[PDB]
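Heads up: the structure comes next, in structure tokens.
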Amino acid sequence: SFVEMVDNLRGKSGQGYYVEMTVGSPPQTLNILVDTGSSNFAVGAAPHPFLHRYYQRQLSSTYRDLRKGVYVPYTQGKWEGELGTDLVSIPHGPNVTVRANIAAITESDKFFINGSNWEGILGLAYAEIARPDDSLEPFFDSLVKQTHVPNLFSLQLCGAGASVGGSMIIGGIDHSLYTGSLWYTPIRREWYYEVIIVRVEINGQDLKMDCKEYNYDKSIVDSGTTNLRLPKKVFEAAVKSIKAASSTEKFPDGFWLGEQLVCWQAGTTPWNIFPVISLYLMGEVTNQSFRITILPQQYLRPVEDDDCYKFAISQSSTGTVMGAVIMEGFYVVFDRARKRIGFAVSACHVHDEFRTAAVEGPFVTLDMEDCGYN
Ligand SMILES: CC(C)(C)c1cccc(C2(NC[C@@H](O)[C@H](Cc3cc(F)cc(F)c3)NC(=O)CC[C@@H](O)C(=O)O)CCCCC2)c1
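Shown next as structure tokens:
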């Protein structure tokens with residue numbers, strides 16, 4: 038649903054996943070980062086040391102200026118630019134063309150990456166967190182309003198199998223991309239893709255915190271953030287257990303902070319000493335939830351030059372962010388029509404000789420609604 042969009046994403050480890058788009062008439066081709074954690078469509082529109090190409094408004098007979106500026110601040114990077122509209126399409130995407138809002142980026146700081154291969158960002162979340170304000174229609178809303186594409190997309194983000211790939215199925219769910227059942231969690235509110243974590247286990251041991259801690263101040267699925275990011279108190283409980291699981295090894299302190307590799311001899315990575323992490327999500331029926339299980343092969347992410360890794364779980368003071376390492380090896384369905392996100396085991400699942408990533412349920416969990424913050 039459909040073959041045409043299967044394997045339509047590419048990326049580098051830790052630099053997001055991008056999809057090919059064209060903007061303007063005639064079509065100008067850009068690579069565009071696929072970001073469930075923001076809601077603005079923006080594209081390099083002026084030279085910058087890190088851009089191979091950029092969008093050229095003067096060459097599009099279909100460009101229209103909105104004569105209004107815009108800027109967006111992310112966790113660290115930020116850009117400013119000029120709002121306009123234009124015709125936009127996705128070559129490996131549905132067969133449609135829309136007029137969508139476009140921020141043309143004229144200045145930026147710490148936003149583009151050195152050898153990135155991407156030139157723009159596709160914020161796929163709801164108008165609410167759009168900049169300057171919720172009146173700037175996000176691209177996906179426009180796509181839905183203009184064409185007949187169903188109000189639904191799914192993301193199959195894959196780890197290696208040194209440089210990566212994946213699929214963005216616009217408008218449905220492609221059955222060849224996952225196994226087992228889909229389990230759905232409610233979208234709590236339509237701004238970020240907000241969800242609610244009702245329970246946390248590490249190698250089968252409940253973390254025993256008040257479930258409010260898991261969602262303080264929000265939990266969101268964010269394909270535009272690399273790490274699993276955890277609220278301070280949860281982060282420290284989790285590192286504690288992960289340290290004691292793996293104490294048979296000697297770890298620098300900068301490792302646990304994400305600012306320093308650990309290396310082992312090719313093929314000898316001590317997989318079995320790192321615990322599995324289970325996240326239980328609110329389910330669709332009363333008192334029911336389901337779990338997703340993350341393997342060490344998701345949260346110790348590989349970087350080149357021996358097999359080398361960074362700890363891809365880190366600290367947040369803006370809530371739980373289920374980033375790209377959590378999403379890898381799941382097929383994640385953003386079912387906007389039904390205010391829900393589905394998780395299944397990805398067809399490109401992460402393997403381990405003795406353990407496997409899993410979406411399992413049903414589980415009973417009382418008082419799930421008390422887990423939400425405010
Ligand atoms: C855009 C908006 C809505 C105002 C905003 C602001 C701050 C944080 C976010 C959130 N989404 C954040 C998400 O949009 C952005 C997209 C992005 C990807 C990129 F490659 C470079 C960037 F400059 C920006 N990603 C990041 O800021 C993290 C990037 C990097 O540190 C990494 O972890 O890989 C993250 C925290 C929880 C809320 C959602 C969103």
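Using mature numbering (1 follows the signal peptide of the UniProt record, and there is no 0), the letters of the sequence shown map in sequence onto residues 38 to 198, 208 to 351, 357 to 425.
We treat Cβ as the ideally placed atom computed from N, Cα and C, and that holds for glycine.
Return helix, strand or coil for residue i, following the three-state DSSP convention.
{"i": "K258", "result": "helix"}
{"i": "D263", "result": "coil"}
{"i": "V372", "result": "strand"}
{"i": "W317", "result": "helix"}
{"i": "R94", "result": "helix"}
{"i": "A283", "result": "helix"}
{"i": "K105", "result": "strand"}
{"i": "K289", "result": "helix"}
{"i": "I219", "result": "coil"}
{"i": "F385", "result": "strand"}
{"i": "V322", "result": "coil"}
{"i": "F405", "result": "coil"}
{"i": "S179", "result": "helix"}
{"i": "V415", "result": "strand"}
{"i": "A83", "result": "coil"}
{"i": "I166", "result": "helix"}
{"i": "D72", "result": "strand"}
{"i": "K361", "result": "strand"}
{"i": "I377", "result": "helix"}
{"i": "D252", "result": "strand"}
{"i": "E236", "result": "strand"}
What residue range is occupied by the uninterrupted beta strand (DSSP E) comprising residue i?
{"i": "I139", "result": "135-146"}
{"i": "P342", "result": "Looking at the DSSP string, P342 is not in any beta strand (DSSP E); the run it does join, the alpha helix (DSSP H), is 342-345."}
{"i": "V186", "result": "Here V186 belongs to no beta strand (DSSP E), and DSSP marks it neither H nor E."}
{"i": "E117", "result": "115-126"}
{"i": "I248", "result": "243-248"}
{"i": "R391", "result": "391-397"}
{"i": "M42", "result": "Premise fails: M42 is in no beta strand (DSSP E) and is neither H nor E."}
{"i": "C309", "result": "308-310"}
{"i": "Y55", "result": "54-60"}
{"i": "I150", "result": "Premise fails: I150 is in no beta strand (DSSP E) and is neither H nor E."}
{"i": "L276", "result": "274-277"}
{"i": "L159", "result": "157-160"}
Apart from the five residues on each side of it in sequence, which residues of its chain come closer than 8 Å, Cβ to Cβ, to residue i?
{"i": "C195", "result": "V210, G211, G212, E379, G380, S397, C399"}
{"i": "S179", "result": "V135, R136, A137, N138"}
Only counting the same chain, and skipping five residues up and downstream in sequence, which positions put a Cβ closer than 7 Å to that of residue i?
{"i": "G48", "result": "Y54, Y55, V210"}
{"i": "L417", "result": "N333"}
{"i": "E174", "result": "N138, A164"}
{"i": "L307", "result": "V349, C359, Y360, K361"}
{"i": "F87", "result": "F149, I150, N151, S153"}
{"i": "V322", "result": "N249, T339, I340, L341, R406"}
{"i": "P187", "result": "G217, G218, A388"}
{"i": "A141", "result": "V80, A82, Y92, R94, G118, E119, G121"}
{"i": "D44", "result": "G211, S213"}
My understanding is that residue i touches residue j, with C-beta atoms under 8 Å, so please give their C-beta distance in whole angstroms.
{"i": "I364", "j": "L253", "result": "At roughly 13 Å, the Cβ-Cβ gap does not stay under 8 Å, so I364 and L253 are not in contact."}
{"i": "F320", "j": "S292", "result": "6 Å"}
{"i": "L346", "j": "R337", "result": "Actually they do not touch by this definition, with Cβ atoms about 20 Å apart."}
{"i": "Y424", "j": "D171", "result": "At roughly 22 Å, the Cβ-Cβ gap does not stay under 8 Å, so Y424 and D171 are not in contact."}
{"i": "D351", "j": "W310", "result": "Actually they do not touch by this definition, with Cβ atoms about 14 Å apart."}
{"i": "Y111", "j": "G61", "result": "25 Å between Cβ atoms; not a contact."}
{"i": "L327", "j": "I242", "result": "7 Å"}
{"i": "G374", "j": "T271", "result": "4 Å"}
{"i": "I377", "j": "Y239", "result": "About 12 Å; that fails the 8 Å criterion."}
{"i": "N261", "j": "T371", "result": "6 Å"}
Using 10 angstroms around the beta-carbon of residue i, count the other beta-carbons present and answer buried if the total reaches 16, otherwise exposed.
{"i": "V125", "result": "buried"}
{"i": "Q251", "result": "exposed"}
{"i": "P316", "result": "exposed"}
{"i": "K390", "result": "exposed"}
{"i": "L192", "result": "buried"}
{"i": "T73", "result": "buried"}
{"i": "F405", "result": "exposed"}
{"i": "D102", "result": "exposed"}
{"i": "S335", "result": "buried"}
{"i": "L70", "result": "buried"}
{"i": "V331", "result": "exposed"}
{"i": "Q183", "result": "exposed"}
{"i": "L46", "result": "buried"}
{"i": "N132", "result": "exposed"}
{"i": "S222", "result": "exposed"}
{"i": "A208", "result": "exposed"}
{"i": "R234", "result": "buried"}
{"i": "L96", "result": "exposed"}
{"i": "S269", "result": "buried"}
{"i": "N318", "result": "exposed"}
{"i": "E259", "result": "buried"}
Please go through the same chain and pick out, in chain order, the residues whose beta-carbon is closer than 6 Å to the beta-carbon of residue i, but skip the five residues on each side of it.
{"i": "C257", "result": "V244, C422"}
{"i": "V415", "result": "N333"}
{"i": "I158", "result": "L70, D72, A79"}
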